[PDB]
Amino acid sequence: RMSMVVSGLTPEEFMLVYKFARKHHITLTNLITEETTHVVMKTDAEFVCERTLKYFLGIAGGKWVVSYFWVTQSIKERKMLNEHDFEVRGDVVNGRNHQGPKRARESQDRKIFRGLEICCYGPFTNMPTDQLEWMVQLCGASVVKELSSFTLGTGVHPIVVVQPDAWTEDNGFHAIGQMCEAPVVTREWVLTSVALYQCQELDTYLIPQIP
């Protein structure tokens, strides 16, 4: 049918999305999955949320990414309003007004990461790696576990993704370009790309690799 998760809420807010669900015969879970069809976000006045994991895996799945107000209104008018007219435009980080999920919902015939071999390297925070990996898989990259697992050939296009903050290391991440032959960039590359569903490119994200 439908299936939901929420993000950014509070018990009372949540209780309220429940009310919605109960009434409308909608399924409501803790945890986003293949099958989750909606993602209800805390937003301000006019549909800017903050950037959370569910936020991204939201867009990645081309799921319905709608601001809490869908709910409270659909309650207030005692029926189900158009997800169509409630989508989240943007976010505090990536612009109040960037049509993210829009692009994404409709661009399912051409994922931003067509023909990419991505590899999330070294440790991340607030975001389990496997979830990051799940994310790019969702935009039709394909995941690599270790740098030396990169499909060689001119065939495809590899990229190493790191996030420098979670490191304690000096011989660390300036040095990936030695252990192979790929662009290296920050996780921000992926998130900003995914936010906008606009495949950013990498000038601004490159990490300086020791030759």
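Throughout, we count residues from 1 along the sequence that is shown.
For the pair 179 to 187 and 164 to 172, the mean Cα B-factor is higher in 164 to 172.
Higher average CA B factor: 82 to 90, of the stretches 82 to 90 and 67 to 75. Ranked within its chain, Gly8 lands in the lowest third, by CA B factor from the PDB record. When all modelled residues of the chain are sorted by CA temperature factor, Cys139 is found within the middle third. In this PDB entry, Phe14 carries a Cα temperature factor that places it within the middle third of its chain's modelled residues. Annotation for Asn30: CA B-factor lies in the lowest third of the chain's modelled residues. The entry lists a Cα temperature factor for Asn97 that places it in the highest third of the chain's modelled residues.
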